[PDB]
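Data block for target_19.txt (compact mmCIF, C-alpha atoms and all ligand atoms):
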# COMPACT_ATOMS: atom_id res chain seq x y z
CA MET A 30 240.97 -103.47 -6.20
CA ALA A 31 243.58 -103.52 -9.02
CA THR A 32 243.98 -105.77 -12.09
CA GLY A 33 242.98 -109.22 -13.38
CA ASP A 34 242.47 -111.83 -14.77
CA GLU A 35 239.12 -113.48 -15.42
CA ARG A 36 239.21 -115.62 -12.28
CA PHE A 37 239.98 -112.69 -9.95
CA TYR A 38 237.10 -110.59 -11.31
CA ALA A 39 234.54 -113.39 -11.49
CA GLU A 40 235.37 -115.15 -8.20
CA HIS A 41 236.40 -112.13 -6.09
CA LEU A 42 236.12 -108.51 -7.30
CA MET A 43 232.66 -108.55 -8.93
CA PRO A 44 230.84 -110.55 -6.18
CA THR A 45 232.38 -108.30 -3.50
CA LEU A 46 231.22 -105.20 -5.39
CA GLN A 47 227.70 -106.73 -5.73
CA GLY A 48 227.62 -107.44 -1.98
CA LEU A 49 228.55 -103.83 -1.12
CA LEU A 50 226.39 -101.91 -3.60
CA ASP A 51 222.88 -102.05 -4.99
CA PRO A 52 222.84 -102.63 -8.81
CA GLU A 53 222.12 -98.99 -9.79
CA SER A 54 224.99 -97.66 -7.63
CA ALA A 55 227.37 -100.25 -9.14
CA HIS A 56 226.14 -99.33 -12.66
CA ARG A 57 226.88 -95.62 -12.10
CA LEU A 58 230.32 -96.50 -10.67
CA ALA A 59 231.06 -98.81 -13.61
CA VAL A 60 230.23 -96.00 -16.05
CA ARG A 61 232.42 -93.65 -13.98
CA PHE A 62 235.49 -95.93 -13.95
CA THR A 63 235.12 -96.88 -17.61
CA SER A 64 234.92 -93.21 -18.72
CA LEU A 65 238.16 -92.46 -16.82
CA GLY A 66 239.84 -95.47 -18.46
CA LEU A 67 240.36 -97.28 -15.14
CA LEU A 68 240.36 -100.72 -16.77
CA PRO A 69 242.40 -103.93 -16.55
CA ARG A 70 244.13 -105.35 -19.67
CA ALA A 71 243.12 -105.79 -22.48
CA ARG A 72 245.69 -108.48 -23.31
CA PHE A 73 243.58 -109.85 -26.21
CA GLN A 74 244.80 -109.02 -29.73
CA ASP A 75 241.97 -109.31 -32.30
CA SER A 76 242.76 -111.64 -35.22
CA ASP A 77 241.54 -111.25 -38.82
CA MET A 78 239.22 -114.23 -38.10
CA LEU A 79 237.04 -112.05 -35.88
CA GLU A 80 236.64 -109.26 -38.43
CA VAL A 81 233.17 -108.66 -39.89
CA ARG A 82 232.09 -106.41 -42.75
CA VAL A 83 228.42 -105.55 -42.41
CA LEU A 84 226.06 -102.51 -42.45
CA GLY A 85 228.58 -100.54 -44.58
CA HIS A 86 231.20 -100.86 -41.85
CA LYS A 87 234.23 -102.89 -40.80
CA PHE A 88 233.96 -104.43 -37.31
CA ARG A 89 237.32 -105.44 -35.80
CA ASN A 90 235.51 -108.08 -33.69
CA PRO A 91 231.82 -109.06 -33.52
CA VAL A 92 231.40 -108.46 -29.78
CA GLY A 93 229.68 -105.20 -28.82
CA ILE A 94 228.29 -103.58 -25.69
CA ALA A 95 224.48 -103.55 -25.78
CA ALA A 96 222.35 -100.40 -25.23
CA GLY A 97 221.56 -99.55 -21.61
CA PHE A 98 225.00 -99.64 -20.03
CA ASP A 99 226.17 -96.33 -21.48
CA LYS A 100 222.78 -94.61 -21.77
CA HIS A 101 224.15 -91.05 -22.16
CA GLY A 102 227.34 -91.53 -24.23
CA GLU A 103 229.75 -90.95 -21.33
CA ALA A 104 232.11 -93.92 -21.62
CA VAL A 105 232.43 -94.75 -25.31
CA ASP A 106 236.25 -94.70 -25.43
CA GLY A 107 236.66 -96.65 -22.17
CA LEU A 108 234.35 -99.30 -23.64
CA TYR A 109 236.58 -99.62 -26.76
CA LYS A 110 239.54 -99.95 -24.35
CA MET A 111 237.60 -102.78 -22.70
CA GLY A 112 237.91 -104.73 -25.98
CA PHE A 113 234.41 -104.31 -27.47
CA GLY A 114 234.38 -104.27 -31.28
CA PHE A 115 231.54 -101.79 -31.25
CA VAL A 116 229.62 -99.64 -28.80
CA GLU A 117 225.94 -98.88 -28.66
CA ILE A 118 224.81 -95.95 -26.51
CA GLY A 119 221.30 -95.16 -25.32
CA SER A 120 218.44 -95.40 -25.31
CA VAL A 121 218.41 -91.61 -25.75
CA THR A 122 215.07 -89.72 -25.63
CA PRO A 123 214.45 -86.26 -27.23
CA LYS A 124 213.89 -84.46 -23.92
CA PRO A 125 215.69 -85.31 -20.68
CA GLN A 126 213.61 -87.51 -18.37
CA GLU A 127 214.23 -89.16 -15.00
CA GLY A 128 212.75 -92.60 -15.69
CA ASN A 129 211.04 -94.72 -13.02
CA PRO A 130 211.30 -94.29 -9.22
CA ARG A 131 214.11 -96.22 -7.46
CA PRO A 132 214.79 -99.09 -6.87
CA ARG A 133 214.34 -100.01 -10.55
CA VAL A 134 217.02 -102.65 -11.17
CA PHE A 135 217.15 -106.01 -9.48
CA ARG A 136 219.80 -108.66 -9.35
CA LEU A 137 218.97 -112.38 -9.72
CA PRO A 138 222.37 -113.93 -8.84
CA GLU A 139 221.15 -117.56 -8.71
CA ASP A 140 219.92 -117.12 -12.31
CA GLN A 141 222.82 -115.01 -13.57
CA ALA A 142 220.07 -112.55 -14.51
CA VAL A 143 218.91 -108.99 -13.94
CA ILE A 144 215.42 -107.47 -13.98
CA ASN A 145 215.34 -103.77 -14.89
CA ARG A 146 212.64 -101.11 -15.17
CA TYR A 147 214.83 -98.03 -15.61
CA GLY A 148 212.15 -96.48 -17.84
CA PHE A 149 214.48 -94.68 -20.25
CA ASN A 150 216.24 -92.34 -17.86
CA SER A 151 217.97 -90.08 -20.34
CA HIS A 152 220.08 -86.91 -20.42
CA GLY A 153 218.21 -86.23 -23.72
CA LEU A 154 219.37 -85.63 -27.31
CA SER A 155 220.90 -82.18 -26.80
CA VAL A 156 223.28 -83.23 -24.00
CA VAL A 157 224.24 -86.43 -25.84
CA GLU A 158 224.70 -84.55 -29.14
CA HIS A 159 227.28 -82.19 -27.59
CA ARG A 160 229.02 -85.04 -25.80
CA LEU A 161 229.45 -86.92 -29.11
CA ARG A 162 230.46 -83.71 -30.95
CA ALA A 163 233.33 -83.20 -28.47
CA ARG A 164 234.87 -86.51 -29.63
CA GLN A 165 233.42 -86.70 -33.19
CA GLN A 166 236.77 -86.85 -35.03
CA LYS A 167 238.22 -89.32 -32.56
CA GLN A 168 235.16 -91.47 -33.39
CA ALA A 169 235.76 -91.04 -37.15
CA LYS A 170 239.23 -92.56 -36.68
CA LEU A 171 237.90 -95.37 -34.46
CA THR A 172 235.20 -96.19 -37.03
CA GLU A 173 237.82 -96.27 -39.84
CA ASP A 174 239.93 -98.52 -37.58
CA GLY A 175 236.98 -100.99 -37.40
CA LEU A 176 235.37 -99.75 -34.17
CA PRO A 177 231.90 -98.39 -35.10
CA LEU A 178 229.40 -96.47 -32.91
CA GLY A 179 225.69 -97.17 -32.61
CA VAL A 180 223.05 -94.90 -31.14
CA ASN A 181 219.84 -96.34 -29.71
CA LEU A 182 216.91 -93.87 -30.03
CA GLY A 183 214.00 -93.85 -27.60
CA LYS A 184 210.91 -91.75 -27.10
CA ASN A 185 209.71 -89.63 -24.19
CA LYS A 186 207.14 -91.05 -21.76
CA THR A 187 204.59 -88.25 -22.39
CA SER A 188 205.30 -87.99 -26.13
CA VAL A 189 202.15 -87.37 -28.23
CA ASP A 190 203.76 -88.52 -31.49
CA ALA A 191 206.10 -91.56 -31.30
CA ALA A 192 207.30 -91.29 -34.91
CA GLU A 193 208.33 -87.64 -34.42
CA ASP A 194 210.43 -88.55 -31.35
CA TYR A 195 212.39 -91.03 -33.49
CA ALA A 196 212.56 -88.61 -36.42
CA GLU A 197 214.15 -86.00 -34.06
CA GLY A 198 216.73 -88.50 -32.82
CA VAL A 199 217.56 -89.40 -36.41
CA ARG A 200 218.11 -85.73 -37.27
CA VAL A 201 220.10 -84.91 -34.11
CA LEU A 202 222.22 -88.04 -33.44
CA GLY A 203 222.10 -89.68 -36.89
CA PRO A 204 225.01 -87.58 -38.26
CA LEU A 205 227.14 -88.79 -35.31
CA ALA A 206 226.32 -92.53 -35.54
CA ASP A 207 227.51 -95.39 -37.69
CA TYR A 208 224.10 -96.94 -37.05
CA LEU A 209 220.84 -95.95 -35.37
CA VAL A 210 218.41 -98.20 -33.49
CA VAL A 211 214.64 -97.84 -33.10
CA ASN A 212 213.13 -100.02 -30.33
CA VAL A 213 209.94 -101.69 -31.39
CA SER A 214 210.72 -103.54 -28.11
CA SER A 215 211.23 -101.87 -24.71
CA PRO A 216 209.26 -103.48 -21.81
CA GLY A 226 201.71 -102.20 -36.54
CA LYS A 227 201.54 -103.49 -39.09
CA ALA A 228 200.59 -100.43 -41.13
CA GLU A 229 201.56 -98.29 -38.10
CA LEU A 230 205.04 -99.87 -37.98
CA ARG A 231 205.39 -99.31 -41.75
CA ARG A 232 204.29 -95.69 -41.14
CA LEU A 233 206.87 -95.12 -38.38
CA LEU A 234 209.80 -96.78 -40.19
CA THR A 235 208.99 -94.97 -43.46
CA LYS A 236 209.34 -91.69 -41.56
CA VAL A 237 212.60 -92.74 -39.86
CA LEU A 238 214.19 -93.86 -43.18
CA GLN A 239 213.11 -90.66 -44.96
CA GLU A 240 214.70 -88.59 -42.19
CA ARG A 241 217.91 -90.65 -42.46
CA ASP A 242 217.97 -90.28 -46.27
CA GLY A 243 217.67 -86.51 -45.81
CA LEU A 244 221.09 -86.42 -44.12
CA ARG A 245 224.30 -85.54 -46.02
CA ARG A 246 226.17 -88.52 -47.55
CA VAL A 247 229.04 -88.77 -44.97
CA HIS A 248 226.46 -88.42 -42.20
CA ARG A 249 224.20 -91.35 -43.12
CA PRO A 250 223.85 -94.15 -40.60
CA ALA A 251 222.42 -97.63 -41.11
CA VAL A 252 218.97 -97.99 -39.50
CA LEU A 253 218.21 -101.09 -37.43
CA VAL A 254 215.07 -102.18 -35.59
CA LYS A 255 215.38 -103.73 -32.13
CA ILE A 256 212.77 -106.31 -31.16
CA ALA A 257 211.59 -107.98 -27.98
CA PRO A 258 211.67 -111.77 -27.59
CA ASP A 259 207.97 -111.72 -26.59
CA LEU A 260 206.45 -111.11 -30.04
CA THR A 261 203.84 -113.46 -31.51
CA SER A 262 204.57 -115.38 -34.72
CA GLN A 263 202.31 -112.85 -36.48
CA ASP A 264 204.31 -109.87 -35.12
CA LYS A 265 207.53 -111.48 -36.33
CA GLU A 266 206.10 -112.15 -39.81
CA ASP A 267 204.81 -108.57 -39.99
CA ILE A 268 208.18 -107.10 -38.92
CA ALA A 269 210.11 -109.23 -41.43
CA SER A 270 207.75 -108.13 -44.20
CA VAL A 271 208.01 -104.37 -43.42
CA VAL A 272 211.81 -104.63 -42.95
CA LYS A 273 212.19 -106.10 -46.48
CA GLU A 274 209.66 -103.82 -48.13
CA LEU A 275 211.27 -100.66 -46.69
CA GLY A 276 214.90 -101.80 -46.92
CA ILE A 277 215.68 -101.54 -43.19
CA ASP A 278 219.42 -102.13 -42.83
CA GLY A 279 219.23 -104.65 -40.01
CA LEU A 280 217.68 -106.13 -36.89
CA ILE A 281 218.80 -106.33 -33.27
CA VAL A 282 217.49 -109.46 -31.63
CA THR A 283 216.60 -109.19 -28.83
CA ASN A 284 215.70 -106.78 -26.07
CA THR A 285 214.89 -108.04 -22.52
CA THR A 286 211.91 -110.37 -21.83
CA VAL A 287 208.69 -109.68 -19.85
CA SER A 288 208.27 -113.46 -19.60
CA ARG A 289 209.43 -115.31 -16.49
CA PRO A 290 210.59 -118.77 -17.56
CA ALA A 291 209.88 -121.53 -15.06
CA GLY A 292 212.94 -122.33 -12.91
CA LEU A 293 214.00 -118.80 -11.89
CA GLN A 294 215.45 -118.98 -8.38
CA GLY A 295 216.12 -115.30 -7.62
CA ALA A 296 214.02 -113.96 -4.73
CA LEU A 297 213.33 -110.88 -6.93
CA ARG A 298 211.95 -112.86 -9.93
CA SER A 299 208.45 -111.28 -9.63
CA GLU A 300 209.65 -107.71 -10.02
CA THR A 301 208.13 -105.85 -12.95
CA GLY A 302 210.58 -105.24 -15.78
CA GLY A 303 212.65 -106.75 -18.53
CA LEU A 304 214.59 -109.90 -17.70
CA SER A 305 218.14 -110.24 -19.08
CA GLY A 306 221.05 -112.70 -18.84
CA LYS A 307 221.16 -116.50 -18.93
CA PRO A 308 217.36 -117.14 -18.71
CA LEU A 309 216.94 -114.97 -21.84
CA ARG A 310 219.74 -116.72 -23.81
CA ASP A 311 218.02 -119.44 -25.88
CA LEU A 312 214.76 -117.51 -26.30
CA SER A 313 216.90 -114.83 -27.99
CA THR A 314 218.83 -117.34 -30.15
CA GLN A 315 215.57 -118.88 -31.38
CA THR A 316 214.23 -115.41 -32.30
CA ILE A 317 217.45 -114.81 -34.26
CA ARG A 318 216.90 -118.19 -35.98
CA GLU A 319 213.32 -117.30 -36.92
CA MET A 320 214.06 -113.69 -38.05
CA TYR A 321 216.94 -114.92 -40.24
CA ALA A 322 214.71 -117.45 -42.06
CA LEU A 323 211.86 -114.90 -42.36
CA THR A 324 214.28 -112.40 -43.99
CA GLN A 325 215.93 -115.08 -46.21
CA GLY A 326 219.31 -114.47 -44.59
CA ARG A 327 219.40 -111.07 -46.32
CA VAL A 328 218.96 -108.73 -43.35
CA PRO A 329 221.99 -108.36 -41.01
CA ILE A 330 221.17 -109.36 -37.42
CA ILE A 331 222.87 -108.26 -34.22
CA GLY A 332 222.33 -111.05 -31.70
CA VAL A 333 221.94 -110.14 -28.05
CA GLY A 334 220.61 -111.99 -25.00
CA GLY A 335 222.50 -113.98 -22.36
CA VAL A 336 225.90 -114.03 -24.09
CA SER A 337 228.77 -114.70 -21.67
CA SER A 338 230.89 -117.19 -23.58
CA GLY A 339 232.26 -118.02 -27.01
CA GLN A 340 229.69 -120.83 -27.29
CA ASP A 341 226.85 -118.38 -26.52
CA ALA A 342 228.25 -116.02 -29.18
CA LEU A 343 228.80 -118.73 -31.81
CA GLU A 344 225.31 -120.25 -31.25
CA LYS A 345 223.84 -116.83 -32.15
CA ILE A 346 226.20 -116.42 -35.13
CA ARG A 347 225.34 -119.94 -36.39
CA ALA A 348 221.64 -119.06 -35.91
CA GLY A 349 222.04 -116.03 -38.19
CA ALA A 350 223.70 -113.15 -36.28
CA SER A 351 226.48 -111.25 -38.06
CA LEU A 352 227.46 -109.57 -34.77
CA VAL A 353 226.63 -110.07 -31.09
CA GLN A 354 226.21 -107.85 -28.01
CA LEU A 355 226.38 -108.49 -24.30
CA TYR A 356 225.51 -106.52 -21.22
CA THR A 357 224.43 -108.65 -18.21
CA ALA A 358 227.55 -110.88 -18.47
CA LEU A 359 229.66 -107.76 -17.79
CA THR A 360 227.81 -107.19 -14.49
CA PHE A 361 228.77 -110.67 -13.19
CA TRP A 362 232.20 -111.26 -14.76
CA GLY A 363 233.40 -107.68 -15.26
CA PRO A 364 235.69 -106.22 -17.98
CA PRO A 365 237.65 -109.49 -18.57
CA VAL A 366 234.45 -111.11 -19.96
CA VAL A 367 235.09 -109.31 -23.29
CA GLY A 368 238.44 -111.00 -24.02
CA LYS A 369 237.09 -114.29 -22.68
CA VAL A 370 234.22 -114.33 -25.19
CA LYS A 371 236.54 -113.34 -28.06
CA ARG A 372 239.21 -115.93 -27.21
CA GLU A 373 236.64 -118.72 -26.81
CA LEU A 374 234.80 -117.73 -30.01
CA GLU A 375 238.05 -117.79 -32.04
CA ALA A 376 238.93 -121.25 -30.61
CA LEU A 377 235.41 -122.59 -31.39
CA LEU A 378 235.53 -121.26 -34.96
CA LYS A 379 238.82 -123.13 -35.51
CA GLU A 380 237.46 -126.32 -33.88
CA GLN A 381 234.44 -126.24 -36.18
CA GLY A 382 236.39 -125.58 -39.38
CA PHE A 383 235.20 -122.02 -40.06
CA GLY A 384 237.72 -119.70 -41.75
CA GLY A 385 236.34 -116.81 -39.70
CA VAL A 386 233.14 -115.38 -38.18
CA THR A 387 231.78 -114.54 -41.66
CA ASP A 388 231.73 -118.21 -42.69
CA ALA A 389 229.76 -119.12 -39.56
CA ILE A 390 226.90 -116.59 -40.04
CA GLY A 391 223.70 -118.61 -40.52
CA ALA A 392 225.64 -121.93 -40.72
CA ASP A 393 222.86 -123.88 -38.89
CA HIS A 394 220.43 -122.98 -41.68
CA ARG A 395 222.66 -124.73 -44.24
CA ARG A 396 222.98 -128.00 -42.29
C1 LIG A 401 220.16 -102.40 -16.87
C2 LIG A 401 219.54 -102.64 -18.23
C3 LIG A 401 219.18 -101.51 -18.97
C4 LIG A 401 218.91 -101.63 -20.33
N1 LIG A 401 218.58 -100.50 -21.07
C5 LIG A 401 218.31 -100.61 -22.43
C6 LIG A 401 217.97 -99.48 -23.20
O1 LIG A 401 218.20 -98.35 -22.76
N2 LIG A 401 217.71 -99.64 -24.55
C7 LIG A 401 217.79 -100.89 -25.16
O2 LIG A 401 217.56 -101.04 -26.37
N3 LIG A 401 218.12 -101.99 -24.40
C8 LIG A 401 218.38 -101.86 -23.05
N4 LIG A 401 218.72 -102.99 -22.32
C9 LIG A 401 218.62 -104.31 -23.02
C10 LIG A 401 219.99 -104.79 -23.51
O3 LIG A 401 220.53 -103.90 -24.46
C11 LIG A 401 219.88 -106.18 -24.12
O4 LIG A 401 219.01 -106.12 -25.24
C12 LIG A 401 219.39 -107.21 -23.09
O5 LIG A 401 219.84 -106.90 -21.78
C13 LIG A 401 219.85 -108.62 -23.46
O6 LIG A 401 221.25 -108.69 -23.42
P1 LIG A 401 222.03 -109.31 -22.16
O7 LIG A 401 221.36 -110.59 -21.70
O8 LIG A 401 223.45 -109.57 -22.59
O9 LIG A 401 221.95 -108.33 -21.01
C14 LIG A 401 218.99 -102.89 -20.95
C15 LIG A 401 219.34 -104.02 -20.21
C16 LIG A 401 219.61 -103.90 -18.85
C17 LIG A 401 220.26 -105.08 -18.16
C1 LIG A 402 228.81 -104.96 -10.56
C2 LIG A 402 228.00 -104.34 -11.56
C3 LIG A 402 228.55 -103.63 -12.66
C4 LIG A 402 229.96 -103.35 -13.03
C5 LIG A 402 230.38 -103.56 -14.38
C6 LIG A 402 231.72 -103.27 -14.73
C7 LIG A 402 232.61 -102.77 -13.66
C8 LIG A 402 234.04 -102.35 -13.90
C9 LIG A 402 234.20 -101.35 -14.92
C10 LIG A 402 235.51 -100.78 -15.12
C11 LIG A 402 236.66 -101.40 -14.52
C12 LIG A 402 236.48 -102.30 -13.45
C13 LIG A 402 235.21 -102.84 -13.15
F1 LIG A 402 235.04 -103.77 -12.18
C14 LIG A 402 232.13 -102.56 -12.33
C15 LIG A 402 230.83 -102.83 -11.96
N1 LIG A 402 227.74 -103.00 -13.63
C16 LIG A 402 226.37 -103.05 -13.60
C17 LIG A 402 225.64 -102.39 -14.66
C18 LIG A 402 224.21 -102.42 -14.64
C19 LIG A 402 223.54 -103.13 -13.56
CL1 LIG A 402 221.83 -103.21 -13.50
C20 LIG A 402 224.27 -103.77 -12.55
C21 LIG A 402 225.72 -103.74 -12.56
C22 LIG A 402 226.54 -104.38 -11.53
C23 LIG A 402 225.87 -105.07 -10.38
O1 LIG A 402 225.36 -106.27 -10.51
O2 LIG A 402 225.82 -104.50 -9.32
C1 LIG A 403 234.34 -100.22 -10.16
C2 LIG A 403 235.45 -100.94 -9.44
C3 LIG A 403 236.70 -101.00 -10.31
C4 LIG A 403 237.94 -101.42 -9.53
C5 LIG A 403 239.01 -101.98 -10.46
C6 LIG A 403 240.09 -100.95 -10.77
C7 LIG A 403 240.64 -101.12 -12.18
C8 LIG A 403 242.14 -101.37 -12.17
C9 LIG A 403 242.91 -100.25 -12.87
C10 LIG A 403 244.15 -100.81 -13.56
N1 LIG A 403 245.16 -99.79 -13.92
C11 LIG A 403 246.27 -99.82 -12.94
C12 LIG A 403 245.72 -100.11 -15.24
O1 LIG A 403 244.67 -98.63 -13.94
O1 LIG A 404 215.39 -98.16 -19.81
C1 LIG A 404 214.77 -99.22 -19.70
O2 LIG A 404 213.97 -99.41 -18.76
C2 LIG A 404 214.93 -100.32 -20.69
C3 LIG A 404 214.86 -100.05 -22.06
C4 LIG A 404 214.99 -101.11 -22.94
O3 LIG A 404 214.94 -100.91 -24.18
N1 LIG A 404 215.17 -102.36 -22.46
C5 LIG A 404 215.22 -102.58 -21.14
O4 LIG A 404 215.38 -103.74 -20.72
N2 LIG A 404 215.10 -101.58 -20.26
How does the structure come out when it is put into structure tokens?
Ligand SMILES: Cc1cc2nc3c(=O)[nH]c(=O)nc-3n(C[C@H](O)[C@H](O)[C@H](O)COP(=O)(O)O)c2cc1C
Ligand SMILES: Cc1c(-c2ccc(-c3ccccc3F)cc2)nc2ccc(Cl)cc2c1C(=O)O
Ligand SMILES: CCCCCCCCCC[N+](C)(C)[O-]
Ligand SMILES: O=C(O)c1cc(=O)[nH]c(=O)[nH]1
Amino acid sequence: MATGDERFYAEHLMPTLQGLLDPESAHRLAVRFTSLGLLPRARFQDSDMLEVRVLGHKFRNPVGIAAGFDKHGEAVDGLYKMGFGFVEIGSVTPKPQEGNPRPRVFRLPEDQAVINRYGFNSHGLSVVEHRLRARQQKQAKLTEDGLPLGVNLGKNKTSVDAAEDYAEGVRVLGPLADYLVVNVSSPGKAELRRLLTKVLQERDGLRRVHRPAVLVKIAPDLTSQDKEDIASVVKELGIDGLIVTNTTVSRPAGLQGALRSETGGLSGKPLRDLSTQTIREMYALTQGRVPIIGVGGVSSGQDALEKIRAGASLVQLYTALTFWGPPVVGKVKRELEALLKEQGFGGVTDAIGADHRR
């Protein structure tokens, strides 16, 4: 057990844990350990180079934990201790729901990938609300210290009115979040405008200290038309940002994992460049004026900086954590800082969208 060390986790601890446990058991255990603060390190001290000011907030470093690891808001503080510059919880649905039957997550070790069809298993808004209320002032200090909190909002499976599910989440969790996320993406145009109009009106109805940024999270499987439409609505309505991307329902040629034909969203290395390209396109479509959080197959500084250069102001990872473990956070940050220096950027901020100016 005990402490590391990137090599010890990646070469020994994590693979052993994967050989003993199915992915959902290891996920639950990870959330357990993290929430108790049973973490190695973190020996990495964030430099001013890594600091980003975006979405009305200061981010100590641009490396966050993506939605889906901490679905129910149970490990937020342990995730900050892990070295993440921001935490996104969820997706959270209005009512509790169990999600899909098990097994519903599948490891593709040869591809450094996962396929998941959790189906939005959620403790629901009420349980999450109280859990965030119990630490609300602690979070206010973390946020002020440059460690913001995002809440990803979902909808119930049997929901009659999608927009109202999101509106409810906005009202309930919005006062507790630095930013909110609406998935247009889990595996309109006038309909999308309709939904996002409602979400933004609900957000604007909150008291001034309790007003989060609103971001839209997209899949990497959208047509060119979908992406044009989204960009257009985002700019018309003044959506605060985009998260790019969710998992893919595509199966790129070359996947080796025996489980590659499982239904669900694919994450990790095979998603990486598909996601970066979507960032590139969404940045150009929004004239570099809409903050993007880049997510999809990030496990190194190069991965992170490619997304930043492509137009991301911030990045997230998830699947890398499942293979490398907690030390992956400091690894990405250390490598990113070294790459920024090597490439003559003063900091992360100078690198945002740098490819578009070549
Ligand atoms: C186990 C699993 C569950 C996920 N659950 C959610 C979810 O609840 N809501 C969401 O927006 N994204 C969810 N995601 C997608 C991730 O947030 C992220 O967009 C995607 O995995 C790409 O990042 P990655 O390659 O670093 O994993 C999930 C991903 C995985 C691996
Ligand atoms: C190992 C692991 C892990 C995982 C991640 C982090 C840790 C960990 C956390 C706190 C301290 C020490 C640790 F090793 C343990 C285990 N998480 C997952 C999350 C979601 C899914 Cl689908 C799979 C996993 C897996 C896995 O591949 O089994
Ligand atoms: C989920 C398996 C986690 C096993 C790793 C245990 C973390 C080491 C704890 C380090 N420390 C002594 C500081 O608590
Ligand atoms: O809960 C899930 O099944 C899920 C949600 C989501 O937004 N993305 C994903 O890959 N899985």
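For the pair atom CA of residue 30 of chain A and atom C11 of ligand LIG 402 (chain A), the separation is 9.6 Å.
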Counting only C-alpha atoms and all ligand atoms, which of A:255, A:246, A:61, A:231 gets nearest to ligand LIG 404 (chain A)?
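Checking each of A:255, A:246, A:61, A:231 against ligand LIG 404 (chain A), counting only C-alpha atoms and all ligand atoms, the winner is A:255.
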Under the rule that only C-alpha atoms and all ligand atoms are counted, which of A:364, A:257, A:370, A:229 is the nearest residue to ligand LIG 403 (chain A)?
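With only C-alpha atoms and all ligand atoms as the atom set, the closest residue is A:364.
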Residue contacts of residue 341 of chain A (10 Å, all atoms listed in the file) excluding same-chain residues fewer than 3 positions away, as a PDB file with C-alpha atoms, keeping the file's coordinate frame:
ATOM      1  CA  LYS A 307     221.160-116.500 -18.930  1.00  0.00           C
ATOM      2  CA  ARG A 310     219.740-116.720 -23.810  1.00  0.00           C
ATOM      3  CA  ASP A 311     218.020-119.440 -25.880  1.00  0.00           C
ATOM      4  CA  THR A 314     218.830-117.340 -30.150  1.00  0.00           C
ATOM      5  CA  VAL A 333     221.940-110.140 -28.050  1.00  0.00           C
ATOM      6  CA  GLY A 334     220.610-111.990 -25.000  1.00  0.00           C
ATOM      7  CA  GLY A 335     222.500-113.980 -22.360  1.00  0.00           C
ATOM      8  CA  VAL A 336     225.900-114.030 -24.090  1.00  0.00           C
ATOM      9  CA  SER A 337     228.770-114.700 -21.670  1.00  0.00           C
ATOM     10  CA  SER A 338     230.890-117.190 -23.580  1.00  0.00           C
ATOM     11  CA  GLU A 344     225.310-120.250 -31.250  1.00  0.00           C
ATOM     12  CA  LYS A 345     223.840-116.830 -32.150  1.00  0.00           C
ATOM     13  CA  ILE A 346     226.200-116.420 -35.130  1.00  0.00           C
ATOM     14  CA  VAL A 353     226.630-110.070 -31.090  1.00  0.00           C
ATOM     15  CA  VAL A 370     234.220-114.330 -25.190  1.00  0.00           C
ATOM     16  CA  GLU A 373     236.640-118.720 -26.810  1.00  0.00           C
ATOM     17  CA  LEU A 374     234.800-117.730 -30.010  1.00  0.00           C
TER      18      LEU A 374
END
Please write as a PyMOL selection string the list of polymer residues whose atoms come within 10 Å of (217.1, -109.5, -29.2), counting only C-alpha atoms and keeping to the coordinates of the file.
chain A and resi 214+254-259+280-286+309-310+312-317+330-335+353-354
Report, in Å with one decimal, the straight-line distance from atom CA of residue 36 of chain A to atom CA of residue 295 of chain A.
23.6 Å
Within 12 Å of segment 161-164 of chain A, counting only C-alpha atoms, which residues qualify if same-chain residues fewer than 6 places away don't, as a short mmCIF file (atom, residue, chain, number, x, y, z; two decimals) with C-alpha atoms, in the frame of the given file?
data_model
loop_
_atom_site.label_atom_id
_atom_site.label_comp_id
_atom_site.auth_asym_id
_atom_site.auth_seq_id
_atom_site.Cartn_x
_atom_site.Cartn_y
_atom_site.Cartn_z
CA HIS A 101 224.15 -91.05 -22.16
CA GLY A 102 227.34 -91.53 -24.23
CA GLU A 103 229.75 -90.95 -21.33
CA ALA A 104 232.11 -93.92 -21.62
CA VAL A 105 232.43 -94.75 -25.31
CA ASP A 106 236.25 -94.70 -25.43
CA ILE A 118 224.81 -95.95 -26.51
CA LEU A 154 219.37 -85.63 -27.31
CA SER A 155 220.90 -82.18 -26.80
CA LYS A 170 239.23 -92.56 -36.68
CA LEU A 171 237.90 -95.37 -34.46
CA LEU A 178 229.40 -96.47 -32.91
CA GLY A 179 225.69 -97.17 -32.61
CA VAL A 180 223.05 -94.90 -31.14
CA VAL A 201 220.10 -84.91 -34.11
CA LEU A 202 222.22 -88.04 -33.44
CA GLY A 203 222.10 -89.68 -36.89
CA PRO A 204 225.01 -87.58 -38.26
CA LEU A 205 227.14 -88.79 -35.31
CA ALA A 206 226.32 -92.53 -35.54
#
Check the smallest atom-to-atom distance from each of A:71, A:342, A:156, A:322 to ligand LIG 401 (chain A) using only C-alpha atoms and all ligand atoms, then report the winner.
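For ligand LIG 401 (chain A), the nearest of the candidates is A:342.
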Could you work out how far atom CA of residue 323 of chain A lies from atom CA of residue 263 of chain A, giving the answer in Å with one decimal?
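Between atom CA of residue 263 of chain A and atom CA of residue 323 of chain A the gap is 11.4 Å.
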Within 9 Å of residue 266 of chain A using all atoms listed in the file, minus same-chain residues under 4 positions, as a list in words:
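In the requested format, the answer is residues 261, 262, 270, 271, 320 and 323 of chain A.
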Nearest residue to ligand LIG 404 (chain A) out of A:226, A:329, A:183, A:279, using only C-alpha atoms and all ligand atoms?
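Looking at the shortest contact to ligand LIG 404 (chain A), the residue is A:183.
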